[PDB]
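*Asks:*
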Amino acid sequence: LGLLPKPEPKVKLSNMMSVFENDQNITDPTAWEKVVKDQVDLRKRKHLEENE
Amino acid sequence: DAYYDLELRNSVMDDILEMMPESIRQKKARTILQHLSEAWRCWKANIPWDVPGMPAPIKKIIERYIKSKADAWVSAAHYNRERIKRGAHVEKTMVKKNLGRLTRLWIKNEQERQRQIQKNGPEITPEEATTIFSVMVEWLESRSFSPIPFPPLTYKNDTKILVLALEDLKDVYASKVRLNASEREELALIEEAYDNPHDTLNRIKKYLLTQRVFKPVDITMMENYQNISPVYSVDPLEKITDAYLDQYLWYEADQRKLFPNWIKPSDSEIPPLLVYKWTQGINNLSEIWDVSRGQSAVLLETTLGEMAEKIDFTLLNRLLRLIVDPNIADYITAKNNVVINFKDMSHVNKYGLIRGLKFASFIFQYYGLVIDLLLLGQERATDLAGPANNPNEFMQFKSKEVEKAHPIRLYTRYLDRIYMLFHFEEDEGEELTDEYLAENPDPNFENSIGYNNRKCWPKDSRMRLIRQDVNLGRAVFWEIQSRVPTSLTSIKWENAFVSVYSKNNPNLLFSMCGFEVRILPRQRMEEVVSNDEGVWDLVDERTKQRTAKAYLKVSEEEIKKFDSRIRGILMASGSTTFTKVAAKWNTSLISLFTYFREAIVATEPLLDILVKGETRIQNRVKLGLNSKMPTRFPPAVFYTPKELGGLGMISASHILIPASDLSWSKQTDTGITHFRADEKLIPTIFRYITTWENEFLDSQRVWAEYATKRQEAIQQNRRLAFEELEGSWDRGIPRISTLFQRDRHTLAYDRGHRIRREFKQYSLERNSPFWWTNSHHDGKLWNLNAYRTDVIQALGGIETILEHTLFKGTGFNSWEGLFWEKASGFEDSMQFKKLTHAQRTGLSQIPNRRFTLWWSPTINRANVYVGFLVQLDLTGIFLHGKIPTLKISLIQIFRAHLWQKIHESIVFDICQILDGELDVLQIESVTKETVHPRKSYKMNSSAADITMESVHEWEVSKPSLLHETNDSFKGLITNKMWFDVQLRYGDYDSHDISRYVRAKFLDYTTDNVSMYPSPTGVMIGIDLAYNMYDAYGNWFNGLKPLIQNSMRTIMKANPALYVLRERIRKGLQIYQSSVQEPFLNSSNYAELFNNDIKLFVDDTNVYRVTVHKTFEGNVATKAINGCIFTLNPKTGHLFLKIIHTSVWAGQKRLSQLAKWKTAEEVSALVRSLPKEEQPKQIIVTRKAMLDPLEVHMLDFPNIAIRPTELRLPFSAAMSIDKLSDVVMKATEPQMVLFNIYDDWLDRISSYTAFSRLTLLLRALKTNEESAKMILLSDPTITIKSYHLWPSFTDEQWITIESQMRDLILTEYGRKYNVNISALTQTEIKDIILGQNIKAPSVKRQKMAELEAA
Amino acid sequence: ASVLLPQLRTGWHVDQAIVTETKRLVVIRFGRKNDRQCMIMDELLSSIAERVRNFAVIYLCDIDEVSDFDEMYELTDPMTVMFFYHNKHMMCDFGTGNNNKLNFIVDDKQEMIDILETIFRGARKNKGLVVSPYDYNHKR
Amino acid sequence: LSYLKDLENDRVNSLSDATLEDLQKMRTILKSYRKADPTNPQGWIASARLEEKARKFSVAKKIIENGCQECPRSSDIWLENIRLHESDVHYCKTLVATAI
Amino acid sequence: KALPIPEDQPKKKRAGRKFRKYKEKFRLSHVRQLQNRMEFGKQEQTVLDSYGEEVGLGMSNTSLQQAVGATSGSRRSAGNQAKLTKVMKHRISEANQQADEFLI
RNA sequence: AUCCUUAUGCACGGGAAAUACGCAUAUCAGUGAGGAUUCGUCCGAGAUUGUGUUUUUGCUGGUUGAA
RNA sequence: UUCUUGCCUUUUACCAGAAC
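Residue numbers (the entry's author numbering), protein chains in the order written: chain G, 262 to 313; chain A, 751 to 1427, 1433 to 2104; chain D, 2 to 141; chain J, 201 to 300; chain F, 354 to 457.
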């Protein structure tokens, strides 16, 4: 009812191959990889940041 | 009668209400109702109903009511059971209800018995125990039996035993396609045991040692109609332990010879075989058939009554402690003493063995050994078995003197039943009789009254009650009774069958294992008998002359059982699909025959039952099909195999395939060739099961032969070649095929297996019809493959059968590639959903619907049904009775005005054809006459569809068929012509389309209501139900051929027709082959990059020719080397087998050869790879690399050869530079290794790497030079000495990928003049797959359109 | 049962019952109080009613008392039940050949429930007819 | 919820006899393999194996020998032929003579 | 307890490496599907289970394969390999523990 | 200030299962629930009843069709 | 109406015999 955020699919390097909501998954394969790896890093980084 | 209870309940309630007409009384009444119900429930449970607050009078009344109910209820149940037994009449739920009620009462009795026992101690007085324990101990001593020890911690034959145990447990689930929860749990447990075998073993041994308290056993009562009970569902965890114990003790016992030769069932003899052996033994005693000196043989049979149900556990335990390690015995005792639960009514099994505990069979046998010993006496037992060091084969002896010593010639025991063959010299017999008389006075001579006799046989052939003989028999029985205590087993005279062979009684009788047997010697041969039909010829060992006949029948009890089974099958048909019912029937019939082989031909009652049973079964199906019963179905629908679309009933009757129901037709270019029709009869099972005598003689022969062969082999120093034994391979008992089965050495240890099988009736619920022959130890003792083949032949071959069905409707040319989706499978698929019972029922029904549709053209016809011949709405599909399912199917088929559409479509096609050939045939104009929407399905009248004007004039022929070569054009002249597109859904009677056309033309032209313009024209009739055509009418030169051509094309092509065909297929669930394995596609592309090991294979580059072509395209001829690109997309390895050009020198049919070569290479590669590194999925790029590859990959069945809808870009292995160079520079066949992802797997994922490769390769394929340029944009970025690709950084790589993508898309645009925007999905498709795209053909499009409208 | 299932008094009441259940289906047993078959049906329906309270309501009616509805069966008057939804009479094709009313006792509670469910479904769809999942033919 | 049968519990050993319709396809495939150039040898060997498995021990003998005779001259094929004839002495001897 | 107002909702529509496993246990698997397919003309491959011969092995075995022998190609799936209940698992663990204790 | 143990709370990540997970104005429960046992004793925390979902809840994406 | 046969599977209506 709020629509304050929007929940995006939590990709990984195993989901990488099967997630198609975010585009570029085969089109821009290395780009896609970067995005997914980057996302993962952010998640990890966020966790670490939170801890800090 | 069942209403009576209800009435009582109502009445009582009313009375109660009357008694209390108070305030707030309704509520009170309601409460009282519940109380009434609850009391009844309690009673049923056999719990007491002791309500504390309840006031006395009310309570009393309630009690009275329940008593009344009991009086009515129990009695009613009994009556119902009796009725069922009779085979009189009973409602399909009523029977079920009775079975519950009956079960409950059984429980009540048994539990009450137990209670009684508990109250008043064990029935065994200690003296008796002492006697019988003593007997056992002495026997053991005589045998010098080393007791069975506790399974050692590191037991030698332990693992094997465990495996055996697990397999038996599994066996029940192997068949079934779904699993409930309990079953699933059991399966899981089994798996665990398998997988952690050591752990499981430890658990089991621990349990044996220590577990003496157990999860309590449920007893679902069985459904053997003639007499129910019992099935004990033991806890799944305990079950494993039990199973192991059963395996182990039985093995151990067999090793140590615990059980004598006389105890049955043995692992060697199948029950018919056993019977045969017994008969032989009876024949083959010394001077048994001599009755000159007043001799009397007596063959006492009896059931040791209640044997299992009054095994005292203390005594039993003690007995066990003689033969097993005491701990094991204790465990067994504990297990037998469980809480037996049932639908809220428990008891505790303090007395009488539980039959369903896996070991229990062994225990039972052991118990019966005691009884056997008692029956025989120790000495006689010893004589029978022989010495311990060297025991006797069944019924043999060490001498003729020890055989003649005691009266008991032969002894045996099939479980509860025992069989003693006494032989008295006259005097002894007389003495015995006298003794009997003394003990038990007989003044009146009313002993022949009471005496049981084999009423199955004729009066003249059965045991004559010649008083002396009767007395002797009774005396013998008495003696036997005396020999055995009461408290171990009730041996009753009612259950006994004492046949007596004297001077007066020539036929010796007995009934072993369901066979009624009647021995008759040659020296008595001339009394009563026609010697042939249903017999064994008993031949003595010493003489080898035909000594005695042995006449067989199926025992009355067995016949009754069979009848019950048939009835059971019939009732519960409701949900049960026709096919399922048919299968059940087949199973029943096969069970009957394979077992009683020879004996069914004699026993007339059984035959009669079979006749009737089959008829009943047929009628069920008929009923399902239609409320009205048909005059006659064709046998086709029933006896035609499952696979052709029939039911596949295996007839046991003189069924007559009527000559009318063998006709058939075939639409060809030449015309419509017909066939019509000594007499044809559905072949009966009788001919196809080999009689038991033959089997046993055969067995004797072929085993000897086998032995001889073995000896020969030994002499010549060889293992016995299984190739030599072909001919007598599927012969003998056990079959010779057993000896060379791959699990021979494990099934050595599965001992006491027959008895285990027999005893599964108490553990698994749905009862096994092949209890007698464990295929693993015997082999296929029957083969009815021949029968199936013969049935087809009988029904004029496949074609004839099809011509009954709506097969040809589906519009397939041939039936080579087709397959059914089965009905059961369908049912299963939709029984994984949240469904209300109604839905489930509907689903269950659906398999019948399909069947009905299939046989529609020979269910729905005037010969089959008669009456209101109604027209199905909007179609020419006349029904012949509301075959409701069929009707529904038809409606589904011809939804969206399909018939009309078809007709109109055909008309349109015709018009088009006419237009195409105007000037050749002298046609002025072709006008499609506008018709009433209902014209396509006006079967009463008709009308012209396509009017046709002549340029000048047409000389037309006399009205004739479309395939008549002799046509004169001097008959009549005309300026105008017409065409009538007629349709009909024919049925087997009325499906000659040509004839129909002829008739209709004759009628509709002369009839005034059918308004055609000219008197000259043509009627093209298109039979939809058979996909046939014929045109009848007036022809003008050159037209007929054209028409024929159109017809040929129209049937192939016409979109409406195609749509109809598709619909029909859907209805039937027939489908064309295509490929069984699942295609790799955009959908399941993500499946490639899971943990399972895979290999892509490409044969595109194996035979390369080259025609060298530059950017201009100058010609230059050559033929270069090839390669077999085989890529692992996980690891990035590339097993590139370089095919050298020397292979193709002096070869022809080259392409085909190449494929084979590729396959071979692949196989080799697979072989090279170890079991760990081997592939699960060989993905193959090209379509038809499957077959050769499959052939070459039989040895690796774990490997699954997938095709792919992706036009995968490994074609561009030769676009890659280094690879190309290596291909060029190989001078021989050479396997080469490359990492196609040279570096990337340390940086990025495997999937990512693969994607990159796809991108690059695809680009290369699209435009090689361009791709190369893109790759080598910056010359600083160096390709390494051991790499295939330039070592980019990540950003650089991304850039490259982008460029590649652009190249791909730009190129696409250039080629296919398409806008470069599209969808992302589309883009993905273009890259990954380069797949066909959803490109439905024009025909397909048309079909779709038709469907829509 | 007499106590469990509500019984209706006069034709007006019956009519009201038929109309008023907008959400649920309405099962009216029309039957002479003291008859065997009718009694059996009532007993069956008592069981069903509690189960299917959420989708269909059961009511009983003494047919000799309330003679208003001898339009419903043309003065044959066996011991019947009738089905209604949104005041529209609901037709259920069994084998019987009277698609309008089941004028025969079915012994299976579960079966009865299933048929009720089917008719409810039909009503929801709007289908005036519905084909039963059980054939009958024998009872009639 | 009536769970699906644990896939790998499906029935494996002791099956029906191989159908004539079935066998024919296999034969055709093998013919194709053979006739579209000899392997050289293995195609014949494969066919022999199939026959053995099919099963058949007369037609195979007839055909395999013929195959061996004309085009190929490999040891493996000879060995296979020898194996096929467990008719102890004479045939085996003949085969040996042919081979060595 | 009342039967639920029968509405026939097909709302769900989901998937997920997570969810597709569970549903795999309740899916008919590919080999089962194959089995359910029966070749038309041919007599179909049965298996003679001693309990009952009835069983149709169906078209899970490839024609050629069937002609020759058997297959573990129809032993594909791991996602529906009969797992224990929570209770059952616990019980088994307990048993194992007991065994271990005995051994010591 | 560094290192570690325990529990919990938040989270990265990885795994299994959902036939499982709850809920209760319920009834009873370390003042003993439920179990073991070699019989000496031992373990010691839920049990009962009612009931809600449970081949699944919430959200997304695609093809498609629909036409 | 009840019991026994035979249509068979149901309504008639029967098949062919008993009992009230």
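All residues carry an ideal CB built from backbone N, CA and C; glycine is no exception.
#1: Counting contacts by CB-CB distance shorter than 9 Å, is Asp63 of chain D in contact with chain A?
#2: Under 9 Å between the Cβ atoms of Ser1837 of chain A and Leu2074 of chain A?
#3: With the cut-off set at 9 Å, would you say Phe1880 of chain A and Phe1965 of chain A are in Cβ contact?
#4: From A:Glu1478, A:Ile1933 and A:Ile882, pick the residue whose C-alpha is nearest to that of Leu1066 of chain A; which is it?
#5: Chain D partners of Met1783 of chain A, CB-CB under 8 Å?
#6: Mind listing the chain F neighbours of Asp288 of chain J? Cutoff is C-beta to C-beta under 8 Å, in chain order.
#7: Assign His1687 of chain A to buried or exposed, taking buried as 16 or more other Cβ atoms, counted over all protein chains shown, within 10 Å of its Cβ.
#8: Do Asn1618 of chain A and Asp1744 of chain A come within 9 Å of each other at the CB atom, strictly closer than that value?
#9: Nearest-angstrom Cα distance between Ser247 of chain J and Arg273 of chain J?
#10: Would you check if the distance between the CB atom of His1508 of chain A and the CB atom of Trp1012 of chain A is smaller than 9 Å?
#11: Do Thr399 of chain F and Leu215 of chain J have their C-beta atoms closer together than 9 Å?
#12: Would you say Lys205 of chain J lies against chain A (beta-carbon separation less than 9 Å)?
#13: For a contact meaning CB atoms closer than 8 Å, what does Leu356 of chain F contact in chain D?
#14: Which class does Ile1777 of chain A belong to by DSSP, given the choice of helix, strand or coil?
#15: Please identify the residue among A:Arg1163, A:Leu1103 and A:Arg1292 whose C-alpha is closest to the C-alpha of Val1025 of chain A.
#16: Taking 9 Å as the threshold (beta carbon to beta carbon), is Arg30 of chain D in contact with chain F?
#17: Between the beta-carbon of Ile120 of chain D and the beta-carbon of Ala57 of chain D, is there less than 9 Å?
#18: Which runs of the beta strand (DSSP E) spanning at least 3 residues fall entirely within the region 1022-1052 of chain A, listed in chain order?
#19: Could you please give the first and the last residue of the uninterrupted beta strand (DSSP E) stretch that includes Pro1271 of chain A?
#20: Using the beta-carbon of each residue, which ones in chain J are nearer than 9 Å to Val400 of chain F?
#21: Just checking my contact of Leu1288 of chain A with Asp1166 of chain A at CB under 8 Å: how many whole Å lie between their CB atoms?
#22: When Cβ atoms are compared, which residues of the region 1588-1617 of chain A fall closer than 8 Å to chain D?
#23: So with CB distances below 7 Å, who are the chain A contacts of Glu294 of chain G?
#24: By DSSP, does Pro1796 of chain A sit in helix, in strand, or in coil?
#25: Can you give the beta carbon distance from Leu1608 of chain A to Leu1627 of chain A, rounded, assuming they're within the 8 Å contact cut?
#26: Please classify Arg1473 of chain A: is it buried, with 16 or more other beta-carbons within 10 angstroms of its beta-carbon, or exposed?
#27: Beta-carbon separation of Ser1252 of chain A and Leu1222 of chain A under 9 Å?
#28: If the cut is a Cβ gap below 7 Å, which residues of chain F does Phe1574 of chain A touch?
#29: Would you mind telling me which residues of chain F sit closer than 9 Å to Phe121 of chain D, beta carbon to beta carbon, in chain order?
#30: Just to confirm, is the Cβ distance from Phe1562 of chain A to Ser1828 of chain A under 9 Å?
#31: Taking Cβ to Cβ, would you say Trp1911 of chain A is nearer than 9 Å to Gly243 of chain J?
#32: From the DSSP secondary-structure annotation, give me the bridge partner or partners of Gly1877 of chain A.
*Replies:* So, from the listed chains and residues:
#1: Position 62 of the third sequence holds residue 63 of chain D. Not closer than 9 Å to any Cβ of chain A, the Cβ of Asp63 of chain D fails to qualify, so no.
#2: For the purposes of this step, residue 1837 of chain A is taken as the residue at position 1082 of the second sequence. For the purposes of this step, residue 2074 of chain A is taken as the residue at position 1319 of the second sequence. No; because the gap between Cβ atoms is not below 9 Å, this pair is not in contact.
#3: The count along the second sequence starts at 1 and reaches residue 1880 of chain A at position 1125. The count along the second sequence starts at 1 and reaches residue 1965 of chain A at position 1210. Closer than 9 Å, so yes.
#4: What you label residue 1066 of chain A is simply residue 316 of the second sequence in a count that begins at 1. It is A:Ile882 whose Cα lies nearest to the Cα of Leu1066 of chain A.
#5: Residue numbering aside, residue 1783 of chain A sits at position 1028 when the second sequence is read from its first letter. Going along chain D, no residue has its Cβ under 8 Å from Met1783 of chain A, so there is no contact; the nearest lies around 33 Å.
#6: Taking the fourth sequence and counting its residues from 1, the one referred to as residue 288 of chain J is at position 88. Within chain F, no residue comes near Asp288 of chain J; the closest Cβ sits about 28 Å away, beyond 8 Å.
#7: On the second sequence, position 932 is the one that residue 1687 of chain A refers to. Per the 10 Å Cβ criterion, exposed.
#8: For the purposes of this step, residue 1744 of chain A is identified with residue 989 of the second sequence, where counting begins at 1. For the purposes of this step, residue 1618 of chain A is identified with residue 863 of the second sequence, where counting begins at 1. Their beta carbons are under 9 Å apart, which means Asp1744 of chain A touches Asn1618 of chain A by this criterion.
#9: As a working mapping, residue 247 of chain J is identified with position 47 in the fourth sequence. As a working mapping, residue 273 of chain J is identified with position 73 in the fourth sequence. Computed Cα separation, rounded: 17 Å.
#10: Position 753 of the second sequence, counted from the first residue, corresponds to residue 1508 of chain A. Position 262 of the second sequence, counted from the first residue, corresponds to residue 1012 of chain A. It is not a contact, given that the beta carbons lie outside the stated cut-off.
#11: Position 46 of the fifth sequence holds residue 399 of chain F. Position 15 of the fourth sequence holds residue 215 of chain J. Yes; because the gap between Cβ atoms is below 9 Å, this pair is in contact.
#12: By one-based count along the fourth sequence, residue 205 of chain J stands at place 5. Closer than 9 Å: yes.
#13: Counting from one through the fifth sequence, the residue named residue 356 of chain F turns up at place 3. By Cβ distance, chain D contributes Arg52, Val53, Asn55, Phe56, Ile114 and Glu118.
#14: Reading the second sequence from its first residue, position 1022 is the one you call residue 1777 of chain A. Residue state, collapsed to three classes: strand.
#15: Here residue 1025 of chain A corresponds to residue number 275 of the second sequence, with the count starting at 1. The residue with the shortest Cα to Cα distance from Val1025 of chain A is A:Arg1163.
#16: What you label residue 30 of chain D is simply residue 29 of the third sequence in a count that begins at 1. It does not: the Cβ of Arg30 of chain D has no partner Cβ on chain F nearer than 9 Å.
#17: Here residue 120 of chain D is taken as the residue at index 119 of the third sequence, counted from 1. Here residue 57 of chain D is taken as the residue at index 56 of the third sequence, counted from 1. Yes, Cβ-Cβ distance for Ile120 of chain D and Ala57 of chain D is below 9 Å.
#18: none
#19: Residue mapping note: residue 1271 of chain A aligns to position 521 of the second sequence, counting from 1. Start and end: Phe1265 to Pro1271.
#20: For the purposes of this step, residue 400 of chain F is identified with residue 47 of the fifth sequence, where counting begins at 1. The contacting residues are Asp210, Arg211, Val212, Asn213, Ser214, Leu215 and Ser216.
#21: As a first step, residue 1288 of chain A must be located in the second sequence, where it is residue number 538. As a first step, residue 1166 of chain A must be located in the second sequence, where it is residue number 416. The Cβ separation is near 27 Å, so there is no contact.
#22: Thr1591, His1592, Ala1593, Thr1596, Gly1597 and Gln1600
#23: Within the first sequence, the letter at position 33 stands for residue 294 of chain G. Result: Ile1999, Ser2000 and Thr2003.
#24: Here residue 1796 of chain A corresponds to residue number 1041 of the second sequence, with the count starting at 1. Three-state result, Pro1796 of chain A: helix.
#25: As a first step, residue 1608 of chain A is located in the second sequence; it is residue number 853 there, counting from the start. As a first step, residue 1627 of chain A is located in the second sequence; it is residue number 872 there, counting from the start. No, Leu1608 of chain A and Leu1627 of chain A are not in contact; Cβ-Cβ is about 13 Å, not under 8 Å.
#26: The residue you call residue 1473 of chain A lines up with position 718 of the second sequence. Its Cβ having fewer than 16 others within 10 Å, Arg1473 of chain A is exposed.
#27: Residue 1252 of chain A sits at position 502 when you count from the first residue of the second sequence. Residue 1222 of chain A sits at position 472 when you count from the first residue of the second sequence. Contact: yes.
#28: Mapped onto the second sequence, residue 1574 of chain A falls at position 819. Within chain F, the residues near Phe1574 of chain A are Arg390, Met391, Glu392, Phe393 and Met412.
#29: Translated into the one-based positions of the third sequence, residue 121 of chain D becomes position 120. The answer, in chain order, is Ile358 and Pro359.
#30: Position 807 of the second sequence, counting from 1, holds the residue named residue 1562 of chain A. Position 1073 of the second sequence, counting from 1, holds the residue named residue 1828 of chain A. Cβ atoms of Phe1562 of chain A and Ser1828 of chain A: not closer than 9 Å.
#31: Mapped onto the second sequence, residue 1911 of chain A falls at position 1156. Mapped onto the fourth sequence, residue 243 of chain J falls at position 43. Yes, the Cβ-Cβ distance between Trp1911 of chain A and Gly243 of chain J is below 9 Å.
#32: Looking up residue 1877 of chain A in the second sequence gives position 1122. Per DSSP, A:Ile1894.
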